[PDB]
Amino acid sequence: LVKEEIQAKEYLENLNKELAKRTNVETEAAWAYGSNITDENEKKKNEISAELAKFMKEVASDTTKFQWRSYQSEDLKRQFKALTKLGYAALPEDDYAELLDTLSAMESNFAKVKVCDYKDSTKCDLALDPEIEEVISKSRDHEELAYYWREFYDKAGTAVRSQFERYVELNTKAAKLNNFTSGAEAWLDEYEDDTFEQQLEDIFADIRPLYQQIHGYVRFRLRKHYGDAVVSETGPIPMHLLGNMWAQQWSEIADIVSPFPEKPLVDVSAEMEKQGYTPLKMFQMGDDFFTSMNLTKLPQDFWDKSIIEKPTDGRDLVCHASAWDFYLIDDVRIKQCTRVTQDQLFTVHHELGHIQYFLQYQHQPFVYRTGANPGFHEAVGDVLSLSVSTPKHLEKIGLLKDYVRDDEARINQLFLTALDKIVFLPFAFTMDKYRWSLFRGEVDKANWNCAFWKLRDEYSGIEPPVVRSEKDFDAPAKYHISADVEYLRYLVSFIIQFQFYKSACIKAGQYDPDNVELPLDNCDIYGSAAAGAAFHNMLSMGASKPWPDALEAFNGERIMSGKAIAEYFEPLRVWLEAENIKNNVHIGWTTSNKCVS
Ligand SMILES: *[C@@H]1O[C@H](CO)[C@@H](O[C@@H]2O[C@H](CO)[C@@H](O[C@@H]3O[C@H](CO[C@H]4O[C@H](CO)[C@@H](O)[C@H](O)[C@@H]4O)[C@@H](O)[C@H](O[C@H]4O[C@H](CO[C@@H]5O[C@H](CO)[C@@H](O)[C@H](O)[C@@H]5O)[C@@H](O)[C@H](O)[C@@H]4O)[C@@H]3O)[C@H](O)[C@H]2NC(C)=O)[C@H](O)[C@H]1NC(C)=O
Ligand SMILES: *[C@@H]1O[C@H](CO)[C@@H](O)[C@H](O)[C@H]1NC(C)=O
Ligand SMILES: *[C@@H]1O[C@H](CO)[C@@H](O)[C@H](O)[C@H]1NC(C)=O
Ligand SMILES: [Zn+2]
């Protein structure tokens, strides 16, 4: 048993190196398909996966030759635990292959969607990224908005109903083979905490009132713009008017809903263009930010192998921005169809946060080369993006000119941040509440579409621009739903990124609550080695410890908390509550009529 724990350590040392290498090969094939969708690359990705799944199955089986639960070392027990978790790889060989073909079908459908120009039904090569997204973010013609919404959702959503259904059945069977109740519990296992769901319910209910105030004010402002025929006072907001295809963030309509329209509203897109920014510049600036904090510089493989602009050769590819770890040394990459905008600048930093995490933990053993939990991975880049979005940072890099930071410009910037950060929370909760409710069997197949729009109404108070029914199937019109990417990570990120940002700001000397000149919402952590250090301590851990331990490394705390995100927005809350009362703004909404059962 002592003898045995010593051999086990050697077994792990060696098997970890082998999984890195086999995964490397699967990652390269996935990369090739995602950057160039073809039948041939599909076949290749899916065959290499099939093979890696088969080997994982043998590894799981050989775990039972070791008395690992009897061992002394927490660390060895943790690695063995992690090797027992097969996920889809637990499926019979044939079911696994079917599942991969189902996943390919959906993701490739999403990526190849094209629609006809509203103004020209002969031009039929408009893609979400960038053509349809540009209209949704910029047009204030409600009818054009509605048209693109229907065209998109009909092709990206409804077209893959039968595929989505088989995926739920196979996902459910895979979870049961791992002895989880459903896919919901399989995802939740990543957070290592039996009360996790409850914890988020608690946090969500504490911020909901702020969301409802924001919702109410936006609805008021949209009525003055579009008039009462297009937006009602008491009903859900028509989602097509909120500047995003899924209404997940509303910051693209800030110019019509901002508190003080005569005071400055930060939008540096136009200046980025005026100064000749490219994608390459944007990523080099993101690099600069990380190295400024004494973190690790992008390696050369990054620059040689990343794809940072949409190919011009008319190939099909997944443009949904992503970051990739190849599981060797220093081979990390981003695939981003980058455009020169303010919000793409933030995305660049978002993505490079994943890359940094990968570089920070690449000396760990294979099974620890992932986030402390999924939410940690998503948060890293957003802590930087927070800084980058500040007027402070933006004047430093010359993108924001002639800005005066009076009380009214502060409220504008606060609100603008809230349109991305508070608004998102209900949206993000719903993506997984929906999927969970299907995975767990709580909704009947006859009710699957209206169950989606029900959640969206109940939690976000938004609805489709047109009537939908069980003849439509709208959920897979969101990337992550079509691609089988758990979404809760993003809700977790949006809470915990404030815990990290506040703590990083304190460490940098950029925030003191008792000093009016260092308010949280204008903290820049650029150049702070103090913040950098705290990051290094947490990120270098990988998944070597449960996530509270990784948090504790960063700032000493162990609990996921809503206190920070509220502390950030508290000045907005005060003002906004008062402004809604001042203007007699109706808060809340009636039940949507847009989904017919
Ligand atoms: C998900 O949960 C599943 C249960 O719902 C679970 O499946 C069970 O896993 C067991 C593996 O631990 C497996 O156990 C073996 O059962 C054999 C009996 O088989 C049939 O008879 C049953 C009873 O009447 C029927 O109901 C079943 O359908 C079966 O088909 C036994 O032969 C076998 O035994 C040997 O194995 C143990 C090994 O155990 C340990 O090893 C060390 C030594 O190496 C021991 O010292 C240690 O203390 C411990 O015992 C030996 O003790 C023994 O001498 C033999 O070598 C074994 O018990 C069980 O059949 C299976 N049941 C069911 C209902 O499926 C899945 O494993 C779970 N999945 C995941 C992913 O976790
Ligand atoms: C895309 O993949 C195919 C294989 O199906 C290959 O022959 C083709 O030339 C690739 N395109 C690019 C631009 O890499
Ligand atoms: C930066 O990190 C190094 C290790 O890479 C460390 O020894 C040093 O203290 C840090 N430097 C700064 C600027 O704090
Ligand atoms: Zn991300």
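The count begins at 1 with the first shown residue.
Recorded method is X-ray crystallography, 2.2 Å.
Backbone N, Cα and C define each Cβ position, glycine as well.
Taken verbatim from Swiss-Prot:
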type     : residues               : note
CARBOHYD : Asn36                  : N-linked glycosylation site
DISULFID : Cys116-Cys124          : disulfide bond
CARBOHYD : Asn179                 : N-linked glycosylation site
CARBOHYD : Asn294                 : N-linked glycosylation site
DISULFID : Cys319-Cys337          : disulfide bond
BINDING  : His350, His354, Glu378 : Zn(2+) binding site
ACT_SITE : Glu351                 : active site, proton acceptor
ACT_SITE : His480                 : active site, proton donor
DISULFID : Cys505-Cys523          : disulfide bond
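A map of Swiss-Prot features onto the structure.
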residue: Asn36; record: N-linked glycosylation site; CB count, 10 Å: 16
residue: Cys124; record: disulfide bond; CB count, 10 Å: 10
residue: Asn179; record: N-linked glycosylation site; CB count, 10 Å: 9
residue: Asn294; record: N-linked glycosylation site; CB count, 10 Å: 15
residue: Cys319; record: disulfide bond; CB count, 10 Å: 21
residue: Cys337; record: disulfide bond; CB count, 10 Å: 19
residue: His350; record: Zn(2+) binding site; CB count, 10 Å: 23
residue: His354; record: Zn(2+) binding site; CB count, 10 Å: 20
residue: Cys505; record: disulfide bond; CB count, 10 Å: 26
residue: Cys523; record: disulfide bond; CB count, 10 Å: 24
Where the C-beta lies under 6 angstroms from ligand 4, the matching recorded positions among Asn36, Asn294, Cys319, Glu378 = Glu378
10 Å Cβ neighbour count around the residue listed as 'active site, proton donor'?
-> 20
Are there residues of the same chain, six or more positions away from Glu378 (Zn(2+) binding site), whose CB falls under 8 angstroms from its CB, and which are they?
-> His350, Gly353, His354, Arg489, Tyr490, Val492, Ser493
Spatially speaking, which of the recorded positions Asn36, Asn179, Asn294, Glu351, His480 is closest to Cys505 (disulfide bond)? Use C-alpha to C-alpha, please.
-> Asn294
Alpha-carbon distance [the residue listed as 'active site, proton acceptor'; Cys337 (disulfide bond)] in Å = 12
Taking only the CA atoms, the spacing between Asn179 (N-linked glycosylation site) and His480 (active site, proton donor), expressed in whole angstrom, is 25
Could you tell me which of these recorded positions, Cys116, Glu351, has the greatest number of Cβ atoms within 10 Å of its own Cβ?
-> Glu351
Assigned element (helix, strand, coil) containing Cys116 (disulfide bond), judged by DSSP | coil
